[PDB]
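Visitor: The file below is entry25.cif, mmCIF, N, CA, C and O atoms:
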data_run
#
loop_
_atom_site.label_atom_id
_atom_site.label_comp_id
_atom_site.auth_asym_id
_atom_site.auth_seq_id
_atom_site.Cartn_x
_atom_site.Cartn_y
_atom_site.Cartn_z
N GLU A 619 -25.50 -7.59 78.52
CA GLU A 619 -25.80 -8.75 79.36
C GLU A 619 -24.54 -9.37 80.00
O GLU A 619 -24.66 -10.30 80.80
N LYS A 620 -23.36 -8.87 79.64
CA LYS A 620 -22.09 -9.40 80.14
C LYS A 620 -21.94 -10.88 79.78
O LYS A 620 -21.50 -11.69 80.60
N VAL A 621 -22.31 -11.22 78.55
CA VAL A 621 -22.29 -12.59 78.06
C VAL A 621 -21.34 -12.76 76.87
O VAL A 621 -21.33 -13.82 76.25
N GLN A 622 -20.54 -11.74 76.55
CA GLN A 622 -19.59 -11.84 75.43
C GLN A 622 -18.33 -12.54 75.94
O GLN A 622 -17.27 -11.94 76.10
N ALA A 623 -18.47 -13.84 76.16
CA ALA A 623 -17.41 -14.70 76.66
C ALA A 623 -17.06 -15.74 75.60
O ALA A 623 -17.57 -15.71 74.47
N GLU A 624 -16.17 -16.67 75.96
CA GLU A 624 -15.72 -17.74 75.07
C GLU A 624 -15.09 -17.16 73.81
O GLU A 624 -15.37 -17.58 72.69
N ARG A 625 -14.22 -16.16 74.01
CA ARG A 625 -13.38 -15.59 72.97
C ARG A 625 -11.92 -15.97 73.23
O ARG A 625 -11.52 -16.10 74.39
N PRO A 626 -11.10 -16.16 72.20
CA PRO A 626 -9.68 -16.39 72.44
C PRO A 626 -8.99 -15.10 72.87
O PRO A 626 -9.55 -14.01 72.79
N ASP A 627 -7.76 -15.25 73.35
CA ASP A 627 -6.94 -14.09 73.67
C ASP A 627 -6.78 -13.21 72.43
O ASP A 627 -6.56 -13.71 71.33
N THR A 628 -6.90 -11.90 72.64
CA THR A 628 -6.87 -10.95 71.53
C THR A 628 -5.59 -11.06 70.71
O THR A 628 -5.62 -10.93 69.48
N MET A 629 -4.46 -11.29 71.37
CA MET A 629 -3.19 -11.41 70.66
C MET A 629 -3.20 -12.58 69.68
O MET A 629 -2.88 -12.43 68.50
N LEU A 630 -3.60 -13.76 70.16
CA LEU A 630 -3.65 -14.93 69.29
C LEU A 630 -4.72 -14.76 68.22
O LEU A 630 -4.51 -15.14 67.06
N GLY A 631 -5.86 -14.16 68.58
CA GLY A 631 -6.91 -13.97 67.60
C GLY A 631 -6.49 -13.07 66.45
O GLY A 631 -6.71 -13.39 65.28
N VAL A 632 -5.86 -11.94 66.77
CA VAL A 632 -5.47 -11.00 65.72
C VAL A 632 -4.31 -11.57 64.91
O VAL A 632 -4.24 -11.38 63.69
N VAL A 633 -3.39 -12.29 65.56
CA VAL A 633 -2.30 -12.92 64.83
C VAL A 633 -2.85 -13.95 63.85
O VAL A 633 -2.43 -14.02 62.68
N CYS A 634 -3.82 -14.75 64.29
CA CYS A 634 -4.42 -15.76 63.43
C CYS A 634 -5.15 -15.12 62.25
O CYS A 634 -5.01 -15.57 61.11
N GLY A 635 -5.95 -14.08 62.51
CA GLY A 635 -6.65 -13.42 61.42
C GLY A 635 -5.70 -12.82 60.40
O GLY A 635 -5.92 -12.94 59.19
N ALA A 636 -4.63 -12.17 60.88
CA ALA A 636 -3.63 -11.63 59.97
C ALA A 636 -2.99 -12.74 59.14
O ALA A 636 -2.77 -12.58 57.93
N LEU A 637 -2.70 -13.88 59.77
CA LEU A 637 -2.09 -14.99 59.04
C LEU A 637 -3.02 -15.51 57.96
O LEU A 637 -2.59 -15.75 56.83
N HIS A 638 -4.31 -15.67 58.28
CA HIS A 638 -5.26 -16.17 57.29
C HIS A 638 -5.39 -15.21 56.11
O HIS A 638 -5.34 -15.63 54.94
N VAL A 639 -5.55 -13.92 56.40
CA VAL A 639 -5.72 -12.93 55.33
C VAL A 639 -4.48 -12.88 54.45
O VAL A 639 -4.57 -12.92 53.21
N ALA A 640 -3.30 -12.81 55.07
CA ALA A 640 -2.06 -12.75 54.31
C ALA A 640 -1.84 -14.00 53.48
O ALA A 640 -1.39 -13.92 52.33
N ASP A 641 -2.16 -15.18 54.03
CA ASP A 641 -1.95 -16.41 53.28
C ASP A 641 -2.86 -16.48 52.06
O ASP A 641 -2.41 -16.84 50.97
N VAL A 642 -4.13 -16.09 52.22
CA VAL A 642 -5.04 -16.10 51.07
C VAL A 642 -4.55 -15.12 50.01
O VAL A 642 -4.50 -15.45 48.81
N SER A 643 -4.16 -13.91 50.42
CA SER A 643 -3.73 -12.91 49.46
C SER A 643 -2.46 -13.34 48.73
O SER A 643 -2.35 -13.18 47.51
N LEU A 644 -1.49 -13.89 49.47
CA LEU A 644 -0.24 -14.33 48.85
C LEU A 644 -0.48 -15.47 47.88
O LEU A 644 0.11 -15.50 46.79
N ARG A 645 -1.33 -16.43 48.25
CA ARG A 645 -1.58 -17.56 47.35
C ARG A 645 -2.26 -17.09 46.07
O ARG A 645 -1.88 -17.52 44.97
N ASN A 646 -3.24 -16.19 46.18
CA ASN A 646 -3.89 -15.68 44.98
C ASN A 646 -2.93 -14.87 44.12
O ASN A 646 -2.94 -14.98 42.88
N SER A 647 -2.07 -14.06 44.75
CA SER A 647 -1.12 -13.26 43.99
C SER A 647 -0.14 -14.15 43.24
O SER A 647 0.13 -13.92 42.05
N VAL A 648 0.38 -15.18 43.90
CA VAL A 648 1.34 -16.07 43.25
C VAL A 648 0.66 -16.84 42.12
O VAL A 648 1.24 -17.02 41.04
N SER A 649 -0.59 -17.27 42.34
CA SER A 649 -1.30 -18.02 41.31
C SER A 649 -1.53 -17.16 40.07
O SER A 649 -1.28 -17.60 38.94
N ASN A 650 -2.00 -15.93 40.26
CA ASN A 650 -2.26 -15.06 39.11
C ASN A 650 -0.96 -14.66 38.42
O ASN A 650 -0.92 -14.54 37.19
N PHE A 651 0.11 -14.43 39.18
CA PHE A 651 1.40 -14.11 38.58
C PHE A 651 1.88 -15.26 37.70
O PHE A 651 2.31 -15.04 36.55
N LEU A 652 1.82 -16.49 38.21
CA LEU A 652 2.24 -17.63 37.42
C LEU A 652 1.34 -17.82 36.21
O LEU A 652 1.80 -18.20 35.13
N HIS A 653 0.03 -17.61 36.38
CA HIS A 653 -0.90 -17.70 35.26
C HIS A 653 -0.52 -16.72 34.16
O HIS A 653 -0.50 -17.08 32.97
N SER A 654 -0.22 -15.47 34.52
CA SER A 654 0.24 -14.49 33.54
C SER A 654 1.52 -14.96 32.86
O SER A 654 1.68 -14.80 31.64
N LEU A 655 2.45 -15.52 33.63
CA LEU A 655 3.70 -16.01 33.06
C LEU A 655 3.45 -17.12 32.04
O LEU A 655 4.07 -17.15 30.97
N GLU A 656 2.55 -18.06 32.37
CA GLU A 656 2.31 -19.21 31.51
C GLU A 656 1.79 -18.78 30.15
O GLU A 656 2.08 -19.43 29.13
N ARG A 657 1.03 -17.69 30.09
CA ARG A 657 0.43 -17.24 28.85
C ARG A 657 1.40 -16.47 27.95
O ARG A 657 1.02 -16.10 26.84
N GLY A 658 2.63 -16.23 28.40
CA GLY A 658 3.61 -15.49 27.63
C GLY A 658 3.76 -14.03 28.00
O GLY A 658 4.44 -13.30 27.27
N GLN A 659 3.16 -13.59 29.10
CA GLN A 659 3.30 -12.23 29.57
C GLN A 659 4.49 -12.11 30.53
O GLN A 659 4.96 -13.10 31.09
N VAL A 660 4.97 -10.88 30.69
CA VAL A 660 6.03 -10.55 31.64
C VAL A 660 5.50 -9.47 32.58
O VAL A 660 5.12 -8.39 32.13
#
The structure given in the file should be rewritten as structure tokens.

Guide:
Amino acid sequence: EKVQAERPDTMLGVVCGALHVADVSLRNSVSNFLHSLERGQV
């Protein structure tokens, strides 16, 4: 129908998605690493 409009620029969209995914993964990794440290693990 040629109605796939109102999308952001592909560059900004993919950069944003990569930033969100990486930020979630890094925060979870750091949290679990510190949790392991707190319990006495190395």

Visitor: Would you mind reading off the distance between atom CA of residue A:649 and atom CA of residue A:637, one decimal, in Å?

Guide: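 So the answer is 18.0 Å.
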
Visitor: Quick one: DSSP alpha helix (DSSP H) residues in chain A, as an NGL selection string?

Guide: :A and (628-656)

Visitor: One decimal, in Å: what's the spacing between atom N of residue A:660 and atom C of residue A:648?

Guide: 13.6 Å

Visitor: As an exercise, work out the distance from atom O of residue A:654 to atom N of residue A:640 in Å and give it to one decimal place.

Guide: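 One can read the atom O of residue A:654 to atom N of residue A:640 distance as 24.0 Å.
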
Visitor: Draw an axis-aligned box over all listed atoms of stretch 632-648 of chain A, pad each side with 8 Å, and write its centre and edge lengths in Å, one decimal, as JSON.

Guide:
{"center_x": -2.7, "center_y": -14.3, "center_z": 53.9, "size_x": 24.0, "size_y": 22.6, "size_z": 41.7}

Visitor: Pull stretch 649-660 of chain A out of the block and emit N, CA, C and O atoms, as a short mmCIF file (atom, residue, chain, number, x, y, z; two decimals), in the first residue's frame.

Guide:
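Contents of result.cif, freshly written:
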data_model
loop_
_atom_site.label_atom_id
_atom_site.label_comp_id
_atom_site.auth_asym_id
_atom_site.auth_seq_id
_atom_site.Cartn_x
_atom_site.Cartn_y
_atom_site.Cartn_z
N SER A 649 25.73 -6.55 37.07
CA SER A 649 24.96 -6.89 38.26
C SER A 649 25.23 -8.32 38.70
O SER A 649 25.47 -8.58 39.88
N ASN A 650 25.20 -9.27 37.76
CA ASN A 650 25.44 -10.67 38.12
C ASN A 650 26.88 -10.89 38.56
O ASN A 650 27.13 -11.69 39.47
N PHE A 651 27.83 -10.21 37.93
CA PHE A 651 29.23 -10.33 38.35
C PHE A 651 29.40 -9.85 39.79
O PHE A 651 30.04 -10.52 40.61
N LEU A 652 28.84 -8.68 40.11
CA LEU A 652 28.94 -8.17 41.47
C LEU A 652 28.21 -9.08 42.45
O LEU A 652 28.67 -9.28 43.58
N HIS A 653 27.05 -9.61 42.05
CA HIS A 653 26.33 -10.55 42.90
C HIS A 653 27.18 -11.77 43.22
O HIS A 653 27.25 -12.21 44.38
N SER A 654 27.85 -12.34 42.21
CA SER A 654 28.76 -13.46 42.46
C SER A 654 29.88 -13.06 43.40
O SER A 654 30.26 -13.83 44.29
N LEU A 655 30.43 -11.85 43.23
CA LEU A 655 31.50 -11.38 44.11
C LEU A 655 31.02 -11.27 45.55
O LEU A 655 31.74 -11.66 46.48
N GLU A 656 29.82 -10.74 45.76
CA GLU A 656 29.31 -10.51 47.11
C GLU A 656 29.18 -11.82 47.88
O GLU A 656 29.36 -11.84 49.11
N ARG A 657 28.87 -12.91 47.19
CA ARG A 657 28.66 -14.20 47.84
C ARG A 657 29.95 -14.92 48.19
O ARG A 657 29.89 -15.98 48.81
N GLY A 658 31.11 -14.38 47.81
CA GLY A 658 32.39 -15.00 48.08
C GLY A 658 32.99 -15.77 46.93
O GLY A 658 33.98 -16.48 47.14
N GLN A 659 32.43 -15.66 45.73
CA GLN A 659 32.97 -16.31 44.55
C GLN A 659 33.97 -15.39 43.85
O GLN A 659 33.97 -14.17 44.04
N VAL A 660 34.82 -16.00 43.03
CA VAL A 660 35.77 -15.29 42.19
C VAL A 660 35.53 -15.70 40.74
O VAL A 660 35.62 -16.89 40.41
#
